[PDB]
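Q: One structure, as structure tokens, below. Some questions next.
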Amino acid sequence: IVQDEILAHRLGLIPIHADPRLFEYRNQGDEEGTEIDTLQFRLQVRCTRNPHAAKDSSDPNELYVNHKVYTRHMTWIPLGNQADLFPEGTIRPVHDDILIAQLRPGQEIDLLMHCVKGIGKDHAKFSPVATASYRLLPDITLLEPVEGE
Amino acid sequence: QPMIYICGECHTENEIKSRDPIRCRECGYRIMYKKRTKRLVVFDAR
Amino acid sequence: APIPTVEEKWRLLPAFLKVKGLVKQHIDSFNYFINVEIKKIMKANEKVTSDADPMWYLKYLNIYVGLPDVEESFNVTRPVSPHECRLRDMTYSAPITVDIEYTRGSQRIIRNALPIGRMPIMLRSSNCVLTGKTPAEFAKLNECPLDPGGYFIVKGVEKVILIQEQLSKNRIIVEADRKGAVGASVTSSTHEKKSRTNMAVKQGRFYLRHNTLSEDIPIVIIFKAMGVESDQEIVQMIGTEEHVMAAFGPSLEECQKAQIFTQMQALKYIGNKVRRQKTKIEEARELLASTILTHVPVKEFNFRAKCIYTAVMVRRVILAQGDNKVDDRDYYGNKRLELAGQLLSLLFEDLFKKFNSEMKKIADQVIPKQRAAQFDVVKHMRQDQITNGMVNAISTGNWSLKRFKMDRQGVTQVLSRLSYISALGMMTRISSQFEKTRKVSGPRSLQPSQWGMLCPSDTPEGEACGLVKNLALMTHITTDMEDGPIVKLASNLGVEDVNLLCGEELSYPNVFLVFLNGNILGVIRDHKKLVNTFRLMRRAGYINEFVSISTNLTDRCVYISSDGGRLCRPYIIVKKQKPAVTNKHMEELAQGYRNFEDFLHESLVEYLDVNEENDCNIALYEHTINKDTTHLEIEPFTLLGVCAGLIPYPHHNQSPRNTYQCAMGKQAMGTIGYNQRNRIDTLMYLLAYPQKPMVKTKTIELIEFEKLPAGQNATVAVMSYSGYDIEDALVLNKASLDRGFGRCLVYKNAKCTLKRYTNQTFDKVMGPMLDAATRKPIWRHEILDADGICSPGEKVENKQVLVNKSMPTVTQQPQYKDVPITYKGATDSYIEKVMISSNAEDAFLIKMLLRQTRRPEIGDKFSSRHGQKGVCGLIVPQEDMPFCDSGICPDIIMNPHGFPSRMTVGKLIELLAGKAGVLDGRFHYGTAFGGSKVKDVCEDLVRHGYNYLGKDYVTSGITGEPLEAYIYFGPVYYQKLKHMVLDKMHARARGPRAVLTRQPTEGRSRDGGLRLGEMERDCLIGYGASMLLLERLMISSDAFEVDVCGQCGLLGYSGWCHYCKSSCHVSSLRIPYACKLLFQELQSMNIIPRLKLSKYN
Amino acid sequence: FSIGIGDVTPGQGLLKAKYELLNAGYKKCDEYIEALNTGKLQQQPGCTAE
Amino acid sequence: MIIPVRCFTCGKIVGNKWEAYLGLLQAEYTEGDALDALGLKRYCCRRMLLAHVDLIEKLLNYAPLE
Amino acid sequence: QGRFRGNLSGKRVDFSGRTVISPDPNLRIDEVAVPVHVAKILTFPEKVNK
RNA sequence: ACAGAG
Ligand SMILES: [Zn+2]
Ligand SMILES: [Zn+2]
Ligand SMILES: [Zn+2]
């Protein structure tokens, strides 16, 4: 029921744990992607019913399985020789619990993501920080003695 | 190879081929929805 | 000393919304129609009788409505949900079944269920499938639990019979004429005949005018026609004051000039003035007994009770000419509202009478002539007289009934599904009586009679300002009562009959009349005991609780209005400075021991009326009560309607701002309902991530707005930034729009039908036309699946086909031509679903549902929920924003120059209340005339470390150095409006032209082009630009050349003047085409525009 | 350059003057009501008593 | 329709805190305690969970299912 | 909607455009920013010379 | 024919 554009947008904002000093920029065009300048994840979730279900049948956690697509169902697919440049567990989405879609039995999601390298000025899904800011340091001073009550 | 349509109420495959009045084979519901395409489509994550 | 206060007094309003008000008005009128009025119309038309060949009759016995059905192809019948009737483009009706009794020689043959017609069943009425269901059973019908209902479904679209606003019938309007004279008139309307009578004083003597008389006859001759022959009794019935007799004298002096002294003479005088449709006497006596003042009844040609009424009219004219107390039409004691049931009653009565007349015509054709075998009329009950009448009168919007001379237009509108408020706001609209004839400025104002009955601010802005209105939150519209016990009670309370006295008792100082809907019930002394005893009999449960009573002490009348279609409002009774509702009663209501009807029965809450709250004295709050107060207002935020109940702190704003929000709040992008995905509409706008408001009115909780909202919480600094925010423009944030703020969806529609004709041939869809060179379909057929229909999930570019249709051109083998449905549009679109269904006539219906995601840009109109509407002007990055000490940099910078000349303080308090309510997890109420105060939200900011007035220390983002003034941060609930720039950009270089006038077409969909108006011609002349005015209005529209004969001045062709039969005087002239169109429309009119040309030096 | 609810709030210098001015105006209007209803009102030239 | 992944104003990842927010309202918290136990300091992150309506749980009830 | 008010004194023209407006002070007081989608459609006949 | 918008 989540649309395709909204699903692509929600997958656009999930942060990736890959170090961006090792990759390079994808050139203008170059729609395939090579070993140097991209990654590739694969989400595939099929939602069915539960073969054992109680007579009350109230909560969706008992009646169904894989009805909440989290970001832990993202599975990395290497390209070229990237299987040795990164050990098993350093290329993954970060927060392990981000809800993407939500399913009902008979509905299926399969897709193929292509991570690349980009600056934050282009789009706000490349910003490395939640928020970065500063303030000056205060110096409250007491001009006269404040005593008692 | 045949055109399989999805029924609206009972969600079952029907395969309407001959020139017939449109009706589900299993229920009496008379509205079909086409299935999704099998060709891939590309979206930008913006 | 303070009067003690009941604090839970508000809880009567959620008890009131269980039963009455808030589209339950439409439901209680449609159920009233299909449960009593369809029996009462059938009762008065129970028998048809053939003229020739008697002892033959068709007798109707009982009528029904029943459950909704569909009639499919192979005669199988099944019930149906309203959403299946939405998708397949069919009506949602139920068959009218009637049992009869007719004669075929054998004198008694009866039936049980003869289907004669199909009644469109309104949603959530008594015969709909949706009533009495649980919210988990609306899921199996594809219907929302919050969809209000009250609308019809006719041929696929949703149509609403709107509330009309009409003046009250059977009432003496004393008004001024155009020339300054004061007369009276009463539109004597009953169920059978409507007609207006007048009273003109054109010479100082009284005349009566009517649409039947060819001349206005004086009133004393009418009195002498109605059985009172003495002049003394006439002057008694008029009045016994000195100036009244002085004003009436020159009418007796006119009557004695003619020889009219006798009743038969007066009737012979009237009969010589009747426009013709025993003549002289009887066509005047039947006239005065059936048409003039036709609501005042004459029993057996006894004209006493009509003489008293017309003398009351003449006396009111005489008294109103002295002091100019004309009655205003705009007082809402005189307005009546007509719901959907009272229009469908008139429509079905006219259709049923035309059905009986057509059946009597068929009966008189086939009884005297054909055959001794007795026919039955069951073989002539054609169903398509009633069904198509109902569906065509609902779907088109006109109710042209010839019997009642009703010629209304524009009653039904398409129910707007822009947001949730737009569907609920349309079900409370009241169209007005005048309907935009001229700039009246008299009923377009806000009269004080609309207190609590209609909404102050909720009106459209433009040509219909004040002529389209909206009901309040706590109102109710009455229906027609049984009229039984009111007369039987009034006859036992001191009302003398009017027949037992002369006219002199009417002019006494201590004698008041009593009326019941226009008829005089007699006179009475001691009217206060009558009014108080009648109100006690209304409170004690004997008289029905909507029967109002009033007292016009100037005109000396005690009105009683049992009629239907007038506005009521509940109140709390106050007896000797204490409210009748205690804290114990509201605790008993909250625990569930009682309901609102128990408040009605125990004389605690009584319904008032606009005529009845002219007598009473009402206090707003409990500390306004003094000794002369009879009622207490329940809730003063019920003064505001439904669409103004979204505004927070709406009493701090200026009054046009609430009106502009009542206009913008029906256009905000949001969510329609819970079935917004299984729904295929012509146009549907959704928002991606909606959020419920942070500062909310109690009206929002009462209509369940925050279960499906329209808008998003924007963090808003109020400062001047970058100079692109000068007049109402607002600067967004590039890193907030990328994260999902303001993201919207646009769904459209594309339907295609495939019909089978009368000749046994059919439309058909071919497959995708392959290219043999590359074994792929061509680019214009790229997205087609093998069934010729576009498939869900693929992108649709411009001018690619969706349905590859082919129809026969029959105008032996079929000759097909291609007629495809092609996607026209500026940008690309996706497909979500393709629907396929069929009707019973072997027609196939295909509906697609397209989809576009639009991201906000320069040109998209946002709103503010206070009337501070504005387009976007600049989208800056997150780095160029100003920022706080905590790192919050705002999304929408707003210009502070909107606030002084518009005086919206409600936005300045919504911001502060939302900021103080997000820091500790509350929703601070912005309820009208109350809500969370300023002193309680200033103390929740200081507890969490912020400033007590919202103003925050801001380090800037361009320079890095702090700003001098403090900037005012907080969340404001901004809603996105439907006016986007991608659907308003338009540009025509040259394209398709019209056929008659060779100049470009009308609108954006036709690639139309813009218009040099009649006023922009007046501006190019002021500059003196002559060749620019020539280039715009001749060269770039319709430049053209004509063969002008210089000899005679006519127009030739190809150098050949067919008039002169010569070719030596033709010439070519630079002319516009709409002038050459003019020079040949006029030669057909025999107005010949003979030109004379000269050389062009 | 910003605006706020503290830019339109009345201080203590206004909430004492407003009360006295409202009381003076209400008492003078009550005196003119009482002088119209129960006797002599010094009528302005060219108008009625109301 | 569903909880957004990032807060709109700053950019903190909010869209994994929703199932924990309802779970901390199962255990009888006030909302000001749950938003502090999830770690939301600034108020722009607090309005993402505090003002969110869960329409997908009730739009999926009308979705087609076997 | 007659000839003399609808098709003669004022008539529908081409080479025109209608779009929502929005402020911009970085232009001069005698300039206007035409979008690219309108500037590709609205053309001008430029006669060729030396 | 109706609703909008400025
Ligand atoms: Zn089925
Ligand atoms: Zn000639
Ligand atoms: Zn945040």
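Labels for the structure tokens follow display order: chains A, B, ..., residues from 1 in each chain, ligands from 1.
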Write as a list in words the residues around ligand 1, taking 6 Å as the cut-off and counting only C-alpha atoms (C1' of nucleotides) and all ligand atoms.
A: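 Selection of residues at most 6 Å from ligand 1: residues 7, 9, 10, 24, 26, 27, 28 and 29 of chain B.
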Q: Write the residues of the preceding selection, restricted to C-alpha atoms, as an mmCIF file, in the first residue's frame.
A:
```cif
data_model
loop_
_atom_site.group_PDB
_atom_site.id
_atom_site.type_symbol
_atom_site.label_atom_id
_atom_site.label_comp_id
_atom_site.auth_asym_id
_atom_site.auth_seq_id
_atom_site.Cartn_x
_atom_site.Cartn_y
_atom_site.Cartn_z
ATOM 1 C CA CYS B 7 -11.001 -10.298 -8.398
ATOM 2 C CA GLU B 9 -13.662 -8.962 -3.228
ATOM 3 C CA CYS B 10 -12.221 -12.472 -2.874
ATOM 4 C CA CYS B 24 -15.618 -13.877 -10.791
ATOM 5 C CA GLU B 26 -15.875 -18.273 -7.506
ATOM 6 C CA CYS B 27 -17.914 -15.352 -6.119
ATOM 7 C CA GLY B 28 -20.514 -13.087 -7.656
ATOM 8 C CA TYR B 29 -18.333 -9.987 -7.618
#
```
Q: Could you pull the residues within 6 Å of residue 829 (chain C), counting only C-alpha atoms (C1' of nucleotides), minus those fewer than 4 positions along the same chain, as an NGL selection string?
A: :C and (795-796 or 851-852)
Q: Suppose we keep N, CA, C and O atoms; can you now write the selection as a short mmCIF file (atom, residue, chain, number, x, y, z; two decimals), in the first residue's frame?
A:
```cif
data_model
loop_
_atom_site.label_atom_id
_atom_site.label_comp_id
_atom_site.auth_asym_id
_atom_site.auth_seq_id
_atom_site.Cartn_x
_atom_site.Cartn_y
_atom_site.Cartn_z
N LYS C 795 5.71 3.78 -16.17
CA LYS C 795 5.66 5.23 -16.30
C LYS C 795 5.00 5.59 -17.62
O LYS C 795 5.20 4.92 -18.64
N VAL C 796 4.17 6.61 -17.59
CA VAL C 796 3.44 7.04 -18.77
C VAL C 796 3.91 8.43 -19.16
O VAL C 796 3.68 9.40 -18.44
N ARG C 851 -1.00 8.51 -10.96
CA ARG C 851 -0.34 8.96 -9.75
C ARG C 851 0.85 9.85 -10.09
O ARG C 851 1.64 9.51 -10.97
N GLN C 852 0.96 10.98 -9.40
CA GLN C 852 2.11 11.86 -9.52
C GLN C 852 2.54 12.31 -8.13
O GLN C 852 1.70 12.69 -7.31
#
```
Q: Residue 4 (chain G): which residues within 12 Å, counting only C-alpha atoms (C1' of nucleotides), same-chain residues fewer than 2 positions away excluded, as a PDB file with C-alpha atoms (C1' of nucleotides), in the first residue's frame?
A:
```
ATOM      1  CA  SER C 416     -16.299  17.928  -3.024  1.00  0.00           C
ATOM      2  CA  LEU C 418     -10.623  17.787  -1.623  1.00  0.00           C
ATOM      3  CA  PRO C 460     -17.504  32.299   0.428  1.00  0.00           C
ATOM      4  CA  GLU C 461     -15.440  35.293  -0.651  1.00  0.00           C
ATOM      5  CA  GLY C 462     -16.471  36.768  -3.976  1.00  0.00           C
ATOM      6  CA  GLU C 463     -19.773  36.992  -5.794  1.00  0.00           C
ATOM      7  CA  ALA C 464     -21.569  34.755  -3.275  1.00  0.00           C
ATOM      8  CA  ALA C 663     -12.260  29.460   2.467  1.00  0.00           C
ATOM      9  CA  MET C 664      -8.751  27.955   2.646  1.00  0.00           C
ATOM     10  CA  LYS C 666     -11.856  23.524   2.455  1.00  0.00           C
ATOM     11  CA  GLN C 667      -8.887  23.359   0.066  1.00  0.00           C
ATOM     12  CA  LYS C 978      -4.328  22.622  -3.888  1.00  0.00           C
ATOM     13  CA  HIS C 979      -3.220  25.574  -6.050  1.00  0.00           C
TER      14      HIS C 979
ATOM     15  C1'   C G   2     -22.402  24.972 -11.329  1.00  0.00           C
ATOM     16  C1'   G G   6      -7.124  36.406  -8.056  1.00  0.00           C
TER      17        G G   6
END
```
Q: Select residues of chain A: the criterion is any atom within 9 Å of an atom of chain E, counting only C-alpha atoms; output as a PyMOL selection string.
A: chain A and resi 1-2+10-11+13-14+70+95-107+124+127+129-132
Q: Could you give me the residues within 8 Å of ligand 2, counting only C-alpha atoms (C1' of nucleotides) and all ligand atoms, as a list in words?
A: residues 1045, 1046, 1047, 1048, 1049, 1050, 1051, 1052, 1057, 1058, 1059, 1060, 1061, 1062, 1065 and 1066 of chain C
Q: At a cut-off of 9 Å, which residues of chain C touch chain G? Count only C-alpha atoms (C1' of nucleotides) and give the answer as a PyMOL selection string.
A: chain C and resi 396-397+409-410+412-414+979
Q: Now that the selection is made, can you save its residues with C-alpha atoms as a PDB file, in the first residue's frame?
A:
```pdb
ATOM      1  CA  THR C 396     -28.856  17.302 -13.738  1.00  0.00           C
ATOM      2  CA  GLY C 397     -29.922  19.700 -10.992  1.00  0.00           C
ATOM      3  CA  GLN C 409     -31.909  25.399 -10.992  1.00  0.00           C
ATOM      4  CA  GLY C 410     -28.582  24.566  -9.411  1.00  0.00           C
ATOM      5  CA  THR C 412     -27.591  19.668  -6.536  1.00  0.00           C
ATOM      6  CA  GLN C 413     -23.813  20.003  -6.509  1.00  0.00           C
ATOM      7  CA  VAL C 414     -21.060  17.429  -6.802  1.00  0.00           C
ATOM      8  CA  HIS C 979      -3.220  25.574  -6.050  1.00  0.00           C
TER       9      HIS C 979
END
```
Q: Could you jot down the CA of residue 898 (chain C) to CA of residue 654 (chain C) separation for me, Å, one decimal place?
A: 12.5 Å
Q: What does the structure give for the distance between CA of residue 709 (chain C) and CA of residue 909 (chain C), in Å to one decimal?
A: 21.1 Å
Q: Separation of CA of residue 973 (chain C) and CA of residue 713 (chain C), in Å?
A: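 We find that CA of residue 973 (chain C) and CA of residue 713 (chain C) lie 4.6 Å from each other.
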Q: DSSP on the backbone: what in chain A comes out strand (DSSP E or B), as a VMD selection string?
A: chain A and resid 16 41 to 46 48 to 49 64 to 65 68 to 69 74 to 76 93 101 to 102 108 to 110 113
Q: Give me, as a PyMOL selection string, the residues of chain F that a backbone DSSP run labels alpha helix (DSSP H).
A: chain F and resi 3+36-39
Q: How close does chain A get to chain B? List, as JSON lines, each residue of chain A within 6 Å, its nearest atom pair and the distance in Å to one decimal, counting only C-alpha atoms.
A:
```
{"residue": "A:8", "atom": "CA", "partner": "B:45", "partner_atom": "CA", "distance": 4.8}
{"residue": "A:9", "atom": "CA", "partner": "B:45", "partner_atom": "CA", "distance": 4.9}
{"residue": "A:12", "atom": "CA", "partner": "B:45", "partner_atom": "CA", "distance": 4.8}
```
Q: Put those residues in a file: N, CA and C atoms, as a PDB file, in the first residue's frame.
A:
```pdb
ATOM      1  N   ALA A   8      10.759   4.581  -2.354  1.00  0.00           N
ATOM      2  CA  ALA A   8      12.075   5.021  -2.804  1.00  0.00           C
ATOM      3  C   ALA A   8      12.580   6.191  -1.968  1.00  0.00           C
ATOM      4  N   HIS A   9      11.674   7.080  -1.559  1.00  0.00           N
ATOM      5  CA  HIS A   9      12.049   8.194  -0.697  1.00  0.00           C
ATOM      6  C   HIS A   9      12.468   7.715   0.685  1.00  0.00           C
ATOM      7  N   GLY A  12      15.689   6.260   0.546  1.00  0.00           N
ATOM      8  CA  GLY A  12      16.718   7.249   0.286  1.00  0.00           C
ATOM      9  C   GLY A  12      17.333   7.806   1.553  1.00  0.00           C
TER      10      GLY A  12
END
```
Q: Mind checking which residues fall within 12 Å of residue 20 (chain B), counting only C-alpha atoms (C1' of nucleotides), ignoring those fewer than 6 positions away in the same chain, and posting them as a PyMOL selection string?
A: (chain B and resi 30) or (chain C and resi 73-74+837-840+842-844)
Q: For ligand 3, which residue among C:374, C:886, C:432, C:388 is the nearest when counting only C-alpha atoms and all ligand atoms?
A: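 Checking each of C:374, C:886, C:432, C:388 against ligand 3, counting only C-alpha atoms and all ligand atoms, the winner is C:886.
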Q: Which residues come within 12 Å of residue 628 (chain C), counting only C-alpha atoms (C1' of nucleotides), excluding same-chain residues fewer than 6 positions away, as a list in words?
A: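 Everything that qualifies: residues 574, 575, 576, 577, 578, 615, 616, 617, 618 and 619 of chain C.
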